[PDB]
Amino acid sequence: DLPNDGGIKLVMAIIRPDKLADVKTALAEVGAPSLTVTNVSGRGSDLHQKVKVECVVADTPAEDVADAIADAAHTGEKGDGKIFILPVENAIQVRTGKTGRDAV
């Protein structure tokens, strides 16, 4: 009975640069340590420096990964950022050539 309804999701988080370390630890602890980080800038509702964290998940429920990031990135002040979950159709593991959720 597979998480993410047997499929693959991209968890994209825009967070405070100084919260990256915590988020990395939280991802490891939740059992989905894989991430890709980009230096970015933006604004919510003159651009502020942020970090975009991307985690593609299959074995771990996307919401649990997102909640792990949210908790670790939370301060309670404006600028904490947002997390978005996008569908992923397919994945390929470059080293092996394995496909689908098994490649994640």
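When you see a residue number, it is the position in the sequence shown, counting from 1.
Looking at mean Cα B-factors across 74 to 82 and 52 to 60, the upper value is held by 74 to 82. Here the stretch with the larger average CA B-factor, out of 17 to 25 and 84 to 92, is 17 to 25. Sort the chain's modelled residues by C-alpha temperature factor and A68 lands in the middle third, per the entry. Annotation for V30: CA B-factor lies in the highest third of the chain's modelled residues.
Ranked within its chain, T36 lands in the lowest third, by CA B factor from the PDB record.
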